Each structure stands twice: as C-alpha cells, then as structure tokens.
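Single chain ahead, written as structure tokens, the form deposited in one PDB entry.
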C-alpha cells in the first residue's frame, strides 16, 4: 500500500571518485497560477497550437496580458507568475479563425516543494514538478525541433544508414528530483528518420535495382508485398498542385500499370487533358490515396517524401551493425561533448527563465561510490580448483565440472549441401569434441549411431520419429544449419512440444573453422542441457538469509512490435529448485494483448511452490521477487494487484500459511551515466568504471530505498548502470546485505564464465519468453494455450538454456 524508507547507508567497499551528468537548479519559493486552454478542432498539431497561442499573446495583448510572458507546455496548460485580472470564471475569447477559453483550476505553490525536498517526510508535489519542467523547456521547444523528449537541432544529419534511413543527433532533457535540490538531466542521444528524396529513387534504393532500364517489367511480383508494407503508412509531399500538401497516409496501392489503370481515362490521359504534361515512366504502378469513391490517384514520378517522420518498424542486421558502429563513441568523448553542449546552452541568458527567477549551475555533480568484493566459485573433480574472478572474467582451462554426465548414445543430423561438409570436416569436429569433453568433465564415448543428410524443412518429423522408434535410450541429437531457414523454428517446435527430446544446433562456419573457445562454450551448453551441474557458489562466503529454505522468482512481459496484427502478449515466471540456486523451471502462458498486468500470477506461483515442495521435501519460508520491465508512473496499481495475487496464491494452497514477501523492480532503460574522475584508475581501452561500483547518495530519491549498480566489465563504448527500486519489504533486510546479495546473484549465469548485467532469474524469464515466441510461430484463444504448453518429459529440465 506504500513504500519503505531507507534503513541507513552502506559502509562496505573501497572508496572511488566519480562524476555524474547532473546540474543543480535553484527555485525562488513563489506562487504560480495554473490555467487551462483548449482549442477546437482537437486534431490540430502541437506546433500549430503553440503558434496560435503565441499570436494571441502578442497581438491580443491589452485585452488580457499586461507585461506578462506565460509558458505553454503545448497541449492544455499555461502558467503565469502573476495573477491574471481577467476573472475567475470560464471566459472564452474569440482555418484562419481560432477560439480559446480560460480557467483557473489548481493554483500551485513552491514553498511546499522546497520544504518536501529539504525534509524527507512528505511526497513531492507532481504539480509543482511539472510546473518547473514546463517552465524549463519553453525556449528550446520553440526554437529546436521536438521529437518526443529529444531536441535534435536542424543542422547536421549525415551518416546514411542504408535503405532510406538516417541517424540524427541531439540531446535529452529532464528535471528529475534529488536531495535538497532539483537537478537537470542532460545526455546525448541518437534516433532514426526517413530521408526526404523523391520516391522513384527511394524505391530504387530500397530494392537496390537502380539498373531497372534493362528489365522494364511492370512488377517484380516477388517483393511487392515488402514494397507495399514499406511504403504503406507514410505521408507524401506532392507539389504539382501548388504546395497543396496532400498529407494522406497511403493505405492501399495498386499494382497494375498506368496503361492498365482505369477510372472515370488513365492517369496519363487525365494529366494530358488537364495540364498537357507527358509522363516519362508509364509502366510503373500508381499510388492510390483517399476513399475508393474519391479514387484520388498518384503516379510514382511526381511524388516526394515529407521530412520529419519517425520509424517504428523492425530493422535489418547490417543496418543495426552500421548504426552501432556509427554511434559507438567512448567515455572521454561523451564527457567532452556533454560539457560542450552544457556550456553552449547558456541557460542564464534566457528571457523566460530570467523572468521567473531560476538559476542553473555549470559543472557536473560530484559523487563518491564504493567497490564491493567479488565472490569465489567451487569446481569439482580430482581437485577442488577454486576460481577467483579478475576484472569480471575467469577461465576454466584445467578444471572439471561439478557433476559430469557420461554420454553413451548420440546421433547427428546434417542438413546443408554436401559441398560444404562431405566427410573430412565432420571427423575432425567429432574428434575435437571428444578430446575437449574428455579433458573437461563429461566423457563422450564411442562413435555416433546416426549421420545422414536430410535437406528439406518438411522432413524433420518423420526422421525424428524413426530415430526415436529405432534407437532406444537416445540421449542427444546434433543439428547443423546452413543459414537463416525456418528449420530452426520447426526443430524447436518438434523437439519441445511434440516428441520431447533434447536438441542442439550449430552453424556450418563454426564446424569448418574449429576453435577451443567455441567448443568449450558448446560443451557448457550441452552439459546443462542433459541435466548436470557446472559450478556452485562457495558456501562459506554467502549471505545470512540462506540458513533457512528460500525461493527466487522472476517475471517479464513481452509486447508485440509496431502496430501490426493483434498477436497476443506473453508473460513468464521462473523459480529455483535447489538449496544452492543452480536449477530452474518455467511456466509461460499468454494473456490479452497490450496489458501491463500478469493475471495468472496466483496459479503460476502455486504451481512453482508445489514443484519446489515435491523436489525438496520442505516448504519455503521467504520469497524473493524480481520484476522486470515496468513503465514509470504505473507502479502503485501493479504493486497492489500483484501483492494481492501472491498473497491469495499463498493462502489457497494451505490455510494459515503466510511467508514473507520482498518485491524488487529493475530498470535498465534510463539516462544516467557515471564517469571516472581520475585518469589513473580507468579500466580497459575505453576508460570505463570498474565492475562492481555502487552509488547511493546525491542523485537518488530523498526518502525511498533504491541504489545504482554496475556489475559488468564494459568492452565497447560506455557502460550503463542499472537502477533497483524496492517496493514492498517484509524480511527487513539491510542496504549492504541486499546489494551484496544482488551482486552475488549476478555470478550464477550458466552460459558463460563472465558476470552479467541483470540477475539470472531476469535472464531466464526473458529467454523463456523469447522461446515461447518462437513456439507460437506456426507458418483462436482456445489453441494458444495448447501451442505454448510444452511436453511433460521436458517440463523438468532447463531446455531454454
């Protein structure tokens, strides 16, 4: 129903000196008057609203405004430093004619805000916070071009991104609060837009078919679907009508040529009879806009693209790679650019801020974090062979697994053409796999019992059925995939839903180019696919909460992309099954699209508790939850619903059963970066902060429990720390204890020998959600649950890893 308060400040670690991109802001403790402005029609854009409001202010001055400069957010609200003498009642004033109206609702004040920030007891007034945020943005909004919360200047785009896409630089601004002061958040950001060239070469570029004169066919008849799905949803800028601005979204496009295009006389004939103009390319198709009764047509040769449109659809791998390469940069360059932008902004010579009386600083804020110690890991075999991570990475050479799994029966399915793998590469592959496995842990034995070529994506089920029927005690199958065929999806579906056998996939390139690191990683995957154990945390160095049985949970919600068909959203929950947290299970299921609530939480938690009891013979006393992917400003309703669902699930299983519950939400999509103050303590070529640095003061909320943590070693660009925010606490933990527990849980990932960003439950929930998304891809609410349900023989293993 509420949130806890901070039980002190942690005092374990080694001090560090950092810098954060927060600039202080001062307030004058006055009273500001709140007004409401509404203009019809309601479909007018924000730029036009601002223009008409400014015109009314400037040229209807003596009637209303006397020597006063208001601030307008953009949609409905305006503010003024002094009371407007128009009156307290709803007084309305007055294409080329617009109508406005005035109100007086909710006069706000700032002394209460200052008192709340100086003494952490009462919550911060969102009305005052929004007033300051609106007053701190007016000149930038008026001058620059606003794209969401970005302020990209109109000078300099460059960096073509491939097919009809570009990258625009800018910055992002916010007035997030802090302790004793308000602070301004500045950060460099980049986005993607559409280049504004004529549509003929736009299509030529997107199809890479510039040499089309050699093949003047009316249509390709193979990529027309993708061309239509690309062009659809964009606004045109035809200028043949005299800057008429036919801003009609192109819903439908025909494919017949202008020669065969008939409507009550073709486009060429109508254009001739109207303007006496000849069309150079008649064999091209035509664009259709408006209603069918209107039948307004547009030939492709006299059309353009409007500048200033965002992209929502998916991208391509090479486009993503080149975007990352273009916008990578590094920490010193980022710091220099941030400082240059802040010094160039010159917020102290602005008429509006001068009128209100706000003052802003010039230098970055100083913070003092600390570095937590790293744990140690226990291996098995002939000798213990403990491992000590160094700079977030350790190695496995010379050590054996904790619990090996001998392999006796296995098969191999080839696929791919015989040219790239015929007889020689496979022998070396098998021999090196056997040697590496014998060196490390599981001793693969014998010769493969099956090795055949099965080209064709429709010949998977009969082959797997024959293998299962013929070879008793099958234990593993190896698959080789040529490219990006749907064979991967078909194999996953067949081996998880229908039959229930373990499978492993690998590329041809890594088979014709062997490598010890690749082979070791593949063995790491295979060992836990079969049901073994890789390593466990050393029991001596561990938290004090493990003295009694506990269970760790996690959750995630995945939403459909763009605005395509109403495919269902997917939610998932995972939980541990061992005293040392090394094994997990998943209970994915679907729900109504576009909703940020898990509805079946009670059933999921009841099932997980039943499985935990069946596997451990005990009953959990504490529960730890790690929710991921919560939009800001929608937390209290989510907390209420889930906290009630968890308690109901606990109640229904057994009467008078009530364990403790801890609720934690993680956030990785924000705009806070921490840089290193000294030049003698930069780790790596990119000069990032070391791994395991936490900050808890001077940039965090006054009377709530939260912190920052960076638990991975950056390798490219600049790092991005994660923000944790507890909501409900019932086990009365402590700050250092909880931070150490999270840091230790970051080390349990099983697919690599490196520490990672967010905990293993969060990764596992995301992975099972993505696997379910692959499961749903086939080529009806009743059949969706059956499609997502996985086989009983594989419900118990870690098939997602």
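Residue numbers count along the first chain shown, from 1.
Keep in mind that the form deposited with a partner chain bound is not shown, yet the notes after this line are about it.
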Contact residue in the entry with it bound, chosen from 703, 270, 180, 613 - any heavy atom within 4.5 Å of the partner chain: 613
Of 470, 276, 547, 517, the one that lies within 4.5 Å of the partner chain in the entry with it bound (heavy atoms): 547
Segment assignment from 413 to 421, 718 to 726, 570 to 578, 302 to 310: heavy atom within 4.5 Å of the partner chain in the entry with it bound: 570 to 578
Proximity of residue 402 to the partner chain in the entry with it bound, heavy atoms at 4.5 Å: yes
Heavy atom of residue 620 within 4.5 Å of the partner chain in the entry with it bound: yes
Contact test in the entry with it bound: residue 609 vs the partner chain, heavy atoms, 4.5 Å: yes
Non-hydrogen atom contact residue 653 with the partner chain in the entry with it bound at 4.5 angstroms: yes
